[PDB]
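A.B. asks: Questions regarding the structure given below will be posed in turn.
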Amino acid sequence: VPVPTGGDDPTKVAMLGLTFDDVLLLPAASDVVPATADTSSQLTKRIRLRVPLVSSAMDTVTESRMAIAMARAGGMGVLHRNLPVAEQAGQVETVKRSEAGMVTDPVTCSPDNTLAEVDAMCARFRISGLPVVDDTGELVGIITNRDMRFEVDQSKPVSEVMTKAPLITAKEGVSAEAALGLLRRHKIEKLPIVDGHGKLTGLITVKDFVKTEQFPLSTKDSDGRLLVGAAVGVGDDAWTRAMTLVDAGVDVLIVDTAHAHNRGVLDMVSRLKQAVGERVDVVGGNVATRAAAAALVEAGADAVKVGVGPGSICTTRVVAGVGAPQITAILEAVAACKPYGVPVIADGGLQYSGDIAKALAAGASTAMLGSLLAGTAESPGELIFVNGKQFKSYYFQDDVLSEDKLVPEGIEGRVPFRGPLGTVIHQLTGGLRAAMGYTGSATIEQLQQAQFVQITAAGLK
Amino acid sequence: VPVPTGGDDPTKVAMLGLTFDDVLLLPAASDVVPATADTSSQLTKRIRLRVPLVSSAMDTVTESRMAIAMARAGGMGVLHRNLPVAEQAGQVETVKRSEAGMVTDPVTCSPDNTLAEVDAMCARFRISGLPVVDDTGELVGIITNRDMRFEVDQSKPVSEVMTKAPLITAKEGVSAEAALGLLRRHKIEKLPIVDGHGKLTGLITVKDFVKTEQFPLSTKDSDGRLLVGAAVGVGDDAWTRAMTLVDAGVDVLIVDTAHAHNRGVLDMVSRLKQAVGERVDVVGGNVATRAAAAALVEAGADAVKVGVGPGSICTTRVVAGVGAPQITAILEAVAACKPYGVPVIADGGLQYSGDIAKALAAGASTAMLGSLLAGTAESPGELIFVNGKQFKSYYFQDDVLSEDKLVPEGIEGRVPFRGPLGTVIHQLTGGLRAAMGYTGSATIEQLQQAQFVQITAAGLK
Amino acid sequence: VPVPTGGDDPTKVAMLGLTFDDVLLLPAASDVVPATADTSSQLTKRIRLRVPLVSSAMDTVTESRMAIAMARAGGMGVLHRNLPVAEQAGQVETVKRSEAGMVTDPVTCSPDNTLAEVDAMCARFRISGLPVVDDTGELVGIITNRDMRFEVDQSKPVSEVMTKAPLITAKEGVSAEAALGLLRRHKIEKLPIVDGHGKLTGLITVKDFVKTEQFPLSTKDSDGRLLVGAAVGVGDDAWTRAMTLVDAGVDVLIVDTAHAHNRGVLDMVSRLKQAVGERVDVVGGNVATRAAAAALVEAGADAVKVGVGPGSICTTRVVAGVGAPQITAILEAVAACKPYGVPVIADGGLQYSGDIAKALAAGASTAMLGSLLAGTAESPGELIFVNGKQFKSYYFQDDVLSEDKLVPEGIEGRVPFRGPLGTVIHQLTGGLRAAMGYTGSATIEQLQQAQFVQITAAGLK
Amino acid sequence: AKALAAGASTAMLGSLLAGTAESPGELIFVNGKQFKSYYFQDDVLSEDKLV
Ligand SMILES: Nc1nc2c(ncn2[C@@H]2O[C@H](COP(=O)(O)OP(=O)(O)OP(=O)(O)O)[C@@H](O)[C@H]2O)c(=O)[nH]1
Ligand SMILES: Nc1nc2c(ncn2[C@@H]2O[C@H](COP(=O)(O)OP(=O)(O)OP(=O)(O)O)[C@@H](O)[C@H]2O)c(=O)[nH]1
Ligand SMILES: Nc1nc2c(ncn2[C@@H]2O[C@H](COP(=O)(O)OP(=O)(O)OP(=O)(O)O)[C@@H](O)[C@H]2O)c(=O)[nH]1
Ligand SMILES: Nc1ncnc2c1ncn2[C@@H]1O[C@H](COP(=O)(O)OP(=O)(O)OP(=O)(O)O)[C@@H](O)[C@H]1O
Ligand SMILES: Nc1ncnc2c1ncn2[C@@H]1O[C@H](COP(=O)(O)OP(=O)(O)OP(=O)(O)O)[C@@H](O)[C@H]1O
Ligand SMILES: Nc1ncnc2c1ncn2[C@@H]1O[C@H](COP(=O)(O)OP(=O)(O)OP(=O)(O)O)[C@@H](O)[C@H]1O
Ligand SMILES: [Mg+2]
Ligand SMILES: [Mg+2]
Ligand SMILES: [Mg+2]
Ligand SMILES: [Mg+2]
Ligand SMILES: [Mg+2]
Ligand SMILES: [Mg+2]
């Protein structure tokens, strides 16, 4: 009649929770070579990554540089929201404008501008070449870096320095092979694209082709632009922020909260899904139970993010006494999401590449990376030397249950330097490929069927 | 036939005991904002606290200053009993006389007293002003701190310094608004209250109204005086101590023993309950099993205190080999006390605010704070500096099973400094409100229904 | 319906894995004296060792010197494969040529050779005596170390220094006692063996009788030569390497891979068994499950080697998240191998002699010793002194799942010195004999039936 | 500054420059730290003989 651990209710202690350190992946029959294993996986219902890694929406992890680097490596970045709406939207714009199959609204100047104005425009948009259009809107020339580097008088007008029409151009609908042939024949880096009337429509650069060859794994939309995501909260400020981000061209909106089994979070997910769901994907915030995942799935989430106090000495566990070991949390959330085709993003608690393999094996489709990327070169911050070691030096945060509320006021900074993002991603992917080879998993979908062995406390000594 | 751990008896090892570190609170469906979470809870069957915390009856934790500070913060203090009966009764009187709606036995002098005598009475009662009455008992004036501060001659009598009658007074039963309006209209801090014959009956001060505004959460009786509790042992000395404390105006008596599953303790609880039950509440000492709690409930205790060797390296565990992990002990005691409506106080083993949340979720109604408050400014002792650090420098104890009977003779002292009490209480309540937000608990009674997840040893690495 | 550790699939967490530190051997009724316990056990179906220990096929552990020392101690060595095929075959020849009952193809010189050429041959083969043969092929004399140490001019020919025929010889089929009598009556160290025509066919030395007396536990074939094993990989290069090693006289082939539950490895084992199985034994790579052991048995393996990520902080566990605790892995593999009489080799995770006893009690027939032997005098490398301490200073590695693929490019070396191999082997065998005395096991086959007790984390504190 | 004050005209810098980016070697990461990786010397009295 009594429960052995106390009391008379068998459900007072609901489950035994397993973390990453409690389990290992068992070897199985394999004909899979690690170099031939396919590591592509679904981020949402409509977005498949080549490398199943996403960078966290933390102000020490993901800004435009990290987002570009992650999308180039085959994953994706989620821009943090600890900043004004205009600044986050501009970061989305920066990521989307990094590269493309064809620039569809290129920056143009007029013949009357000075060279100082053109230099300012180039610095503002981080480009080096501008088509020149007159008051009619007609393309009268093009001014690039070569023309301006040899000029001293910055007050000179553009019409005096630009390469005047007729130019080397192509019509709308020009094939990529023809465009590159025209670029290589005339030994120029730029090719304006014009309509039937000759007015400018677009611009094609050799640099875009070189980037496409240099980063074959890039995460891109149908226009050849890198994908990016951004985080929003709950409220009306958050609704305005979400609409601005959608206008800027974002691909994924993450309703990013500490505790997503809340009616406000679910209403925000449903509102976003009905309002802008045909264009962007909506990812629901952090859950740790089967019921919360099912609630998010009913609300209409395209992916479910999992983890609530997942770390051992997490501030949520110490201060509030709340948590859920991550392996059991992922198993429970997958049990709710998998029947409906909704992917799962494992967020938090990861320390090594073996943890990534374990989390994917438990049923998650992607892993979100935080502290593993905070010290990298692409993460925000300035690089400084202190005593021969290297470090990275640096109104919002309205979530009532975030860890920054639970910690006392003080100081945090000087995260150590970890090097380029490429090496970290290469190491993590190598570990994942080794695990796939051991378990005989040709794909991530097969890895999600692998078996575990539970180890005792003696196995961690 | 054999038990897997040895022997033939399956009841030799009765249970598996869970401590605080073994469990976490699982997130649940919530609409609760931490700021609007109601943290009030029952201390006994008749006393409800705004903050469900009480300070321990230890000579390093609770004296009159700590008790006043705790009752002002919404909790309560229990005065320790490691001191003579007269001194503990004096501390009870000090706490009860700190503030009131109206002072009912005001300190008065006679016109023949010198200013030195009035100064001595002021220092004795820690007040600054006195009404003056003659042998007839008529109110002949009032002498306050303003009159005395400008007198160089200490040897003068009161009749030459006091403000003579007629005074600004009020009738018995005057309302709060009328009394405060009369105080403000005449720009005075004191208002004597007189009967139909004009003989002095009470005193109303502006400082009491200001205190009521300044500490809105204070734990008070119907007269507006702060509540306080005090500990007693067992024996006839303990009976005399209890009667003296009840005379001094104590609100809670705690029969404080290391092992309450004793006929002496139970008979003492029944005796106190029969003699002074209608006036004060009786709390039974520390238990750790369902049977002991049931025995205390039958004896008539108004609250049951839980914990016998709850600390991991406790002296009781090391020296006597006796103990009970606190989560299981709380579950077992609640299983016996809740059907009868007797609240449970969790005493010992608490290190973080998360532990307080876990103890309340296991079924307890209040938590008793020991070492968490010993370094605070309001705890007894003198603050000193040693080596750049701050430390707090400092016949009875008939409990045969207490830890001081187990520990050898030596030196204990110099507890470290921890700052003001209010900051510690604020941190603990913030943790509790975060836990209530995560679990979706609007009240403490709902928090007592929250579920746990048991974690493995790997979750503590 | 739901699994307590998460999800709905009860086989997601397949088992609970036990390591060496989780178990102890229980004392049982014994009449066994440790000195008289029989420690011999099967390495394969056809090879029985006197001491159930084999040295790892690592380039810091086993080369020719270690193989000879292990065979002389009563175990065996396995030569590593991180070197060219010619060098490994040469080390096989070195081990096989160390000692014998009779040298079947003794090295010879000709009367027209210079003493420098004879010195070169002696240095090459590490001998000190050669019979002399003419162009006819008749034995004309013998030149040994005594004849060469007293000649100053190294330019003199063999015919002027050698002892001329007639010599002391014996006919093919001469017994050992007769040959030793011939050696001792004429006070010589060598005895050529000739056929009816008078042609040289063999050689018998006093040194071989002395070695047989000096190392009575040696692991030898029917010709009195030490047994040796060698590691091969998978692929066509591996097939050529294996054929060369077999031609050099190897006794055991070990298909040495990280993950043997692979069709390629199984095919290699079957091919080798079909080709050279009647001469040599083929041992299959590392497995950790019952199914993998059953596959290796079906492939035709003569013994099964067990262990995949067995160490607690193993690189395979951290980087790939893959492993299996060694006690459970051994139990599972033995369940598949014992019905067919296939011995099990426990490889990895051994730290103490008690672990060797536990591995054998779980069902293994032999244990492979790695890092326990890496710093011994007989292990490869050169002994140096650094800061008062003693250290050991020093295209292939094609296995896709080997740990070196997982470790980052970097630096390793300077293993510490651990004394001679004899003391290590003596200590390990002493521990094993004590375990046999405690469990009442006269043979290793009886030790394989002993029981375990599982201990808690407190038992490791 | 002290060396130039004593009368020297220039100072030769050795170990102060050994770890800089322009010095020979390859930059690597080891455990979160950064390091630089890599018949002649016939001088009879050089330190390399003594060590
Ligand atoms: N010219 C131009 N490029 C843009 C614009 N917006 C984004 N880009 C991108 O910026 C890159 C081209 O920038 P530039 O530096 O002017 O190109 P470039 O002169 O070919 O560059 P290099 O080969 O590095 O000399 C391409 O990846 C474009 O897709 C824009 O308005 N104008
Ligand atoms: N005057 C007076 N106050 C008492 C007595 N017993 C308790 N008190 C409390 O002590 C406080 C008043 O102390 P005083 O020092 O006289 O206060 P005050 O001079 O009016 O106040 P401040 O000048 O603002 O400090 C109130 O909170 C009273 O409730 C008593 O006998 N006389
Ligand atoms: N002489 C000789 N010994 C061989 C040959 N091949 C293997 N051996 C072994 O090498 C050992 C003999 O080596 P030697 O040094 O020539 O022997 P020895 O001169 O009799 O020995 P010591 O004078 O006691 O050192 C024996 O163990 C032989 O079995 C060979 O071709 N010639
Ligand atoms: N489509 C075009 N038609 C005609 N002239 C062009 C065209 N595109 C560029 N030019 C001219 O070709 C010249 C070379 O410029 P280009 O754009 O190739 O390089 P850049 O970016 O200016 O220089 P850099 O070599 O520093 O990257 C310039 O004078 C430019 O005006
Ligand atoms: N009820 C009263 N009627 C008439 N005079 C009074 C009354 N109470 C106090 N006084 C007088 O009014 C003056 C101001 O005293 P009050 O009680 O306001 O403050 P205090 O405690 O004397 O001084 P402090 O400003 O230091 O608090 C004194 O001279 C006092 O004697
Ligand atoms: N079978 C033999 N018949 C005749 N003479 C022999 C024979 N074997 C060796 N001798 C000769 O006997 C002498 C001693 O040879 P032996 O083999 O006993 O020792 P060794 O190996 O030359 O020297 P050491 O004494 O250093 O071990 C040599 O001069 C050698 O030529
Ligand atoms: Mg350019
Ligand atoms: Mg260029
Ligand atoms: Mg005053
Ligand atoms: Mg005042
Ligand atoms: Mg010899
Ligand atoms: Mg000799």
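By convention here, the chains of the structure tokens are called A, B, ... in the order presented, each chain's residues are numbered starting at 1, and ligands are numbered starting at 1 in the order presented.
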Looking only at the backbone, which of the residues in chain D does DSSP tag as strand (DSSP E or B), as a PyMOL selection string?
C.D. replies: chain D and resi 26-30+33-37
A.B. asks: As number ranges by chain, please: every protein or nucleic acid residue near ligand 12 (cut-off 10 Å, counting only C-alpha atoms and all ligand atoms).
C.D. replies: C: 128, 145-146, 188-189, 206-207
A.B. asks: For chain C, report every residue with an atom at most 12 Å from chain B (counting only C-alpha atoms), formatted as an MDAnalysis selection string.
C.D. replies: chainID C and resid 4:6 453:458
A.B. asks: Produce a file of the selected residues containing N, CA and C atoms, as a short mmCIF file (atom, residue, chain, number, x, y, z; two decimals), in the first residue's frame.
C.D. replies:
data_model
loop_
_atom_site.label_atom_id
_atom_site.label_comp_id
_atom_site.auth_asym_id
_atom_site.auth_seq_id
_atom_site.Cartn_x
_atom_site.Cartn_y
_atom_site.Cartn_z
N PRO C 4 9.02 3.92 -17.65
CA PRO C 4 9.39 4.88 -16.59
C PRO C 4 10.50 5.86 -16.99
N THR C 5 11.44 5.46 -17.83
CA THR C 5 12.53 6.35 -18.22
C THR C 5 12.23 7.16 -19.47
N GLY C 6 11.02 7.06 -20.02
CA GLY C 6 10.63 7.91 -21.12
C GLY C 6 10.12 7.18 -22.34
N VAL C 453 28.53 -10.49 -6.69
CA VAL C 453 27.66 -9.62 -5.90
C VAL C 453 27.77 -8.21 -6.49
N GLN C 454 26.63 -7.57 -6.69
CA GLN C 454 26.61 -6.20 -7.19
C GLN C 454 26.67 -5.23 -6.02
N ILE C 455 27.50 -4.21 -6.15
CA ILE C 455 27.69 -3.23 -5.09
C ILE C 455 27.17 -1.87 -5.55
N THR C 456 26.91 -1.01 -4.58
CA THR C 456 26.36 0.31 -4.84
C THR C 456 27.48 1.34 -4.96
N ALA C 457 27.11 2.59 -5.24
CA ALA C 457 28.11 3.65 -5.34
C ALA C 457 28.82 3.90 -4.01
N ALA C 458 28.16 3.60 -2.89
CA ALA C 458 28.81 3.75 -1.59
C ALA C 458 29.96 2.78 -1.44
#
A.B. asks: I'd like the neighbourhood of residue 290 of chain A as a PyMOL selection string, where a residue qualifies if any of its atoms comes within 12 Å (using only C-alpha atoms), though same-chain residues fewer than 6 positions away should be ignored.
C.D. replies: (chain A and resi 261+296-297+304+306+324+328-338) or (chain B and resi 26-29) or (chain C and resi 2+6-8)
A.B. asks: Check every residue of chain A for an atom within 8 Å of chain D, counting only C-alpha atoms, and provide those that qualify as a ChimeraX atom specification.
C.D. replies: /A:389,416-419
A.B. asks: Counting only C-alpha atoms, what is within 8 Å of residue 102 of chain C, bar same-chain residues fewer than 6 positions away, as a list in words?
C.D. replies: residues 202, 203, 204, 205 and 223 of chain C
A.B. asks: List every residue of segment 87-215 of chain A that DSSP, applied to the backbone, labels as helix (DSSP H, G or I), and write the result as a ChimeraX atom specification.
C.D. replies: /A:87-96,115-125,145-149,158-160,176-185,206-214
A.B. asks: With a distance cut-off of 10 Å and only C-alpha atoms, select the neighbouring residues of residue 48 of chain A, excluding the residue or stretch itself and same-chain residues fewer than 6 positions from it, and output the selection as a PyMOL selection string.
C.D. replies: chain A and resi 40-42+74-75+219+365
A.B. asks: With only C-alpha atoms as the counted atoms, please give the residues lying no more than 9 Å from segment 86-100 of chain C, apart from itself and same-chain residues fewer than 4 positions off, as a VMD selection string.
C.D. replies: chain C and resid 63 to 65 67 to 68 79 to 82 104 125 204 207 to 208 211 to 212 220 223 to 230 241 244 to 250
A.B. asks: Save the residues we just selected, N, CA, C and O atoms, as a CSV table (one decimal), in the first residue's frame?
C.D. replies:
chain,number,residue,atom,x,y,z
C,63,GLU,N,56.1,-5.7,-29.9
C,63,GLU,CA,56.9,-6.1,-31.0
C,63,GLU,C,57.7,-7.3,-30.7
C,63,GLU,O,57.3,-8.0,-29.7
C,64,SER,N,58.7,-7.7,-31.4
C,64,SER,CA,59.3,-9.1,-31.3
C,64,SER,C,59.8,-9.3,-29.8
C,64,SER,O,59.6,-10.5,-29.3
C,65,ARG,N,60.4,-8.4,-29.2
C,65,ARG,CA,60.9,-8.6,-27.8
C,65,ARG,C,59.8,-8.9,-26.9
C,65,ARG,O,59.9,-9.9,-26.1
C,67,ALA,N,56.8,-10.1,-27.7
C,67,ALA,CA,56.2,-11.4,-28.1
C,67,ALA,C,57.0,-12.6,-27.5
C,67,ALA,O,56.5,-13.5,-27.0
C,68,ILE,N,58.4,-12.5,-27.6
C,68,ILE,CA,59.2,-13.5,-27.0
C,68,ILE,C,59.0,-13.6,-25.5
C,68,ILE,O,58.9,-14.7,-24.9
C,79,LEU,N,51.5,-9.2,-32.7
C,79,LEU,CA,52.3,-8.1,-33.3
C,79,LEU,C,51.4,-7.0,-33.9
C,79,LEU,O,50.5,-7.4,-34.6
C,80,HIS,N,51.7,-5.8,-33.7
C,80,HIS,CA,50.9,-4.7,-34.2
C,80,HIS,C,51.1,-4.6,-35.7
C,80,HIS,O,52.1,-5.1,-36.3
C,81,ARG,N,50.2,-3.8,-36.4
C,81,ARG,CA,50.2,-3.7,-37.8
C,81,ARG,C,50.4,-2.3,-38.3
C,81,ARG,O,50.1,-2.0,-39.5
C,82,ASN,N,50.9,-1.4,-37.4
C,82,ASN,CA,51.2,0.0,-37.8
C,82,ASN,C,52.6,0.1,-38.4
C,82,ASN,O,53.5,0.8,-37.8
C,104,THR,N,66.0,-26.1,-38.3
C,104,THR,CA,65.8,-26.9,-39.6
C,104,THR,C,66.6,-26.3,-40.8
C,104,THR,O,67.0,-27.0,-41.6
C,125,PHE,N,71.3,-12.1,-38.3
C,125,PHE,CA,70.5,-13.1,-37.7
C,125,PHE,C,70.6,-13.2,-36.2
C,125,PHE,O,69.8,-14.0,-35.6
C,204,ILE,N,71.7,-28.7,-33.7
C,204,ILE,CA,71.2,-28.7,-32.3
C,204,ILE,C,72.2,-28.0,-31.4
C,204,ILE,O,73.4,-28.1,-31.6
C,207,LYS,N,72.3,-24.3,-26.0
C,207,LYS,CA,71.5,-23.1,-25.6
C,207,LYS,C,70.0,-23.4,-25.6
C,207,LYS,O,69.3,-22.9,-24.8
C,208,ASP,N,69.5,-24.3,-26.6
C,208,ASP,CA,68.1,-24.6,-26.6
C,208,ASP,C,67.7,-25.4,-25.5
C,208,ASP,O,66.6,-25.2,-24.9
C,211,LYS,N,67.5,-23.1,-22.5
C,211,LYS,CA,66.3,-22.2,-22.6
C,211,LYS,C,65.1,-23.0,-22.2
C,211,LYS,O,64.2,-22.5,-21.4
C,212,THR,N,65.0,-24.2,-22.7
C,212,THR,CA,63.8,-25.1,-22.3
C,212,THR,C,63.8,-25.3,-20.8
C,212,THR,O,62.7,-25.3,-20.1
C,220,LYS,N,54.7,-23.1,-27.1
C,220,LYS,CA,55.5,-23.6,-28.2
C,220,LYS,C,54.6,-24.5,-29.0
C,220,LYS,O,53.7,-25.1,-28.6
C,223,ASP,N,57.4,-28.2,-33.0
C,223,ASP,CA,58.9,-28.0,-33.2
C,223,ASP,C,59.6,-27.3,-32.1
C,223,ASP,O,60.8,-27.0,-32.3
C,224,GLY,N,58.9,-26.9,-31.1
C,224,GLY,CA,59.6,-26.2,-30.0
C,224,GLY,C,59.8,-24.7,-30.2
C,224,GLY,O,60.6,-24.1,-29.4
C,225,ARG,N,59.2,-24.1,-31.2
C,225,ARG,CA,59.3,-22.7,-31.4
C,225,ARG,C,58.2,-21.9,-30.8
C,225,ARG,O,57.1,-22.4,-30.6
C,226,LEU,N,58.5,-20.7,-30.3
C,226,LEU,CA,57.5,-19.9,-29.6
C,226,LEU,C,56.4,-19.6,-30.5
C,226,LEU,O,56.6,-19.2,-31.7
C,227,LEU,N,55.1,-19.6,-30.0
C,227,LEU,CA,54.0,-19.2,-30.8
C,227,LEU,C,53.9,-17.7,-30.8
C,227,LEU,O,54.2,-17.0,-29.8
C,228,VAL,N,53.4,-17.1,-31.9
C,228,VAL,CA,53.2,-15.7,-32.1
C,228,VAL,C,51.9,-15.5,-32.9
C,228,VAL,O,51.5,-16.3,-33.6
C,229,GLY,N,51.3,-14.3,-32.6
C,229,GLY,CA,50.2,-13.9,-33.4
C,229,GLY,C,50.4,-12.5,-34.0
C,229,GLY,O,51.4,-11.8,-33.6
C,230,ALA,N,49.6,-12.1,-35.0
C,230,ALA,CA,49.7,-10.9,-35.7
C,230,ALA,C,48.4,-10.3,-36.1
C,230,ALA,O,47.4,-11.1,-36.3
C,241,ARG,N,49.0,-8.8,-46.8
C,241,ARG,CA,49.7,-8.9,-45.5
C,241,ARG,C,49.5,-10.2,-44.8
C,241,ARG,O,50.4,-10.8,-44.2
C,244,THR,N,51.5,-13.0,-46.5
C,244,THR,CA,52.9,-12.9,-46.1
C,244,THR,C,53.1,-13.4,-44.7
C,244,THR,O,54.1,-14.1,-44.4
C,245,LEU,N,52.3,-13.0,-43.7
C,245,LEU,CA,52.5,-13.4,-42.3
C,245,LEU,C,52.3,-14.9,-42.2
C,245,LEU,O,53.1,-15.5,-41.4
C,246,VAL,N,51.4,-15.5,-42.9
C,246,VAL,CA,51.3,-17.0,-42.9
C,246,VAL,C,52.5,-17.6,-43.4
C,246,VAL,O,53.0,-18.6,-42.8
C,247,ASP,N,53.1,-17.1,-44.5
C,247,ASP,CA,54.3,-17.7,-45.0
C,247,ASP,C,55.5,-17.5,-44.1
C,247,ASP,O,56.3,-18.4,-44.1
C,248,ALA,N,55.5,-16.5,-43.2
C,248,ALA,CA,56.5,-16.3,-42.3
C,248,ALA,C,56.4,-17.2,-41.1
C,248,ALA,O,57.4,-17.3,-40.2
C,249,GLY,N,55.3,-18.0,-40.9
C,249,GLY,CA,55.2,-18.9,-39.9
C,249,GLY,C,54.3,-18.5,-38.7
C,249,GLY,O,54.4,-19.1,-37.6
C,250,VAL,N,53.4,-17.5,-38.9
C,250,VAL,CA,52.5,-17.0,-37.9
C,250,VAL,C,51.6,-18.1,-37.4
C,250,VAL,O,51.2,-19.0,-38.2
A.B. asks: Given a cut-off of 9 Å, what residues near ligand 6 show up using only C-alpha atoms and all ligand atoms, put as a short mmCIF file (atom, residue, chain, number, x, y, z; two decimals) with N, CA and C atoms, in the first residue's frame?
C.D. replies:
data_model
loop_
_atom_site.label_atom_id
_atom_site.label_comp_id
_atom_site.auth_asym_id
_atom_site.auth_seq_id
_atom_site.Cartn_x
_atom_site.Cartn_y
_atom_site.Cartn_z
N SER C 128 75.90 -16.67 -33.45
CA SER C 128 77.34 -16.59 -33.25
C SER C 128 78.06 -17.82 -33.77
N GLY C 129 77.49 -18.51 -34.76
CA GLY C 129 78.14 -19.68 -35.30
C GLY C 129 77.52 -20.16 -36.59
N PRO C 131 77.91 -23.20 -39.80
CA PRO C 131 78.57 -24.25 -40.57
C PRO C 131 79.02 -23.72 -41.92
N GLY C 141 83.21 -27.71 -42.65
CA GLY C 141 83.70 -27.23 -41.38
C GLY C 141 82.66 -26.39 -40.67
N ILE C 142 83.11 -25.69 -39.63
CA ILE C 142 82.23 -24.82 -38.85
C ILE C 142 83.07 -23.72 -38.23
N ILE C 143 82.59 -22.48 -38.32
CA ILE C 143 83.28 -21.33 -37.76
C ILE C 143 82.36 -20.68 -36.73
N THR C 144 82.85 -20.52 -35.51
CA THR C 144 82.04 -20.04 -34.40
C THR C 144 82.68 -18.80 -33.79
N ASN C 145 82.11 -18.35 -32.67
CA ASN C 145 82.58 -17.12 -32.04
C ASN C 145 84.00 -17.27 -31.51
N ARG C 146 84.33 -18.44 -30.97
CA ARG C 146 85.67 -18.66 -30.43
C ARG C 146 86.73 -18.55 -31.51
N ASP C 147 86.45 -19.10 -32.70
CA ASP C 147 87.42 -19.02 -33.79
C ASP C 147 87.61 -17.59 -34.26
N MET C 148 86.57 -16.76 -34.18
CA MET C 148 86.62 -15.43 -34.75
C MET C 148 87.10 -14.37 -33.77
N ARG C 149 87.02 -14.64 -32.46
CA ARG C 149 87.42 -13.64 -31.48
C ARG C 149 88.93 -13.52 -31.33
N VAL C 161 90.29 -19.99 -40.90
CA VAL C 161 89.97 -19.75 -39.49
C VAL C 161 89.05 -20.84 -38.96
N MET C 162 88.26 -21.44 -39.85
CA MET C 162 87.24 -22.38 -39.43
C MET C 162 87.86 -23.67 -38.90
N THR C 163 87.10 -24.36 -38.05
CA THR C 163 87.43 -25.73 -37.67
C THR C 163 87.08 -26.65 -38.83
N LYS C 164 88.05 -27.43 -39.29
CA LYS C 164 87.86 -28.20 -40.51
C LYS C 164 87.14 -29.51 -40.23
N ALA C 165 86.38 -29.97 -41.22
CA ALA C 165 85.81 -31.31 -41.16
C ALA C 165 86.93 -32.34 -41.21
N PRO C 166 86.76 -33.50 -40.55
CA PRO C 166 85.55 -34.01 -39.89
C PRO C 166 85.16 -33.27 -38.62
N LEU C 167 83.86 -33.11 -38.41
CA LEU C 167 83.30 -32.48 -37.23
C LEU C 167 82.59 -33.54 -36.40
N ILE C 168 81.99 -33.10 -35.30
CA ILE C 168 81.07 -33.93 -34.53
C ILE C 168 79.68 -33.69 -35.10
N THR C 169 79.08 -34.73 -35.66
CA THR C 169 77.75 -34.62 -36.24
C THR C 169 76.89 -35.76 -35.72
N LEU C 183 77.01 -33.50 -27.12
CA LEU C 183 77.42 -32.13 -26.83
C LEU C 183 78.28 -32.06 -25.58
N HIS C 186 82.11 -34.06 -25.86
CA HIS C 186 83.11 -33.34 -26.63
C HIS C 186 83.23 -31.88 -26.23
N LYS C 187 82.45 -31.43 -25.24
CA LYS C 187 82.54 -30.08 -24.68
C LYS C 187 82.40 -29.00 -25.75
N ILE C 188 81.41 -29.17 -26.62
CA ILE C 188 81.09 -28.18 -27.64
C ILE C 188 79.66 -27.72 -27.46
N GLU C 189 79.34 -26.58 -28.08
CA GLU C 189 78.01 -25.99 -27.98
C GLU C 189 77.11 -26.32 -29.16
N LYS C 190 77.64 -26.83 -30.26
CA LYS C 190 76.86 -27.02 -31.48
C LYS C 190 77.00 -28.44 -31.99
N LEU C 191 76.00 -28.89 -32.73
CA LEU C 191 75.97 -30.25 -33.27
C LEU C 191 75.22 -30.25 -34.59
N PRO C 192 75.93 -30.25 -35.72
CA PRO C 192 75.26 -30.38 -37.01
C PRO C 192 74.58 -31.73 -37.15
N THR C 205 71.74 -27.20 -30.48
CA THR C 205 72.59 -26.40 -29.61
C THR C 205 72.27 -26.68 -28.14
#
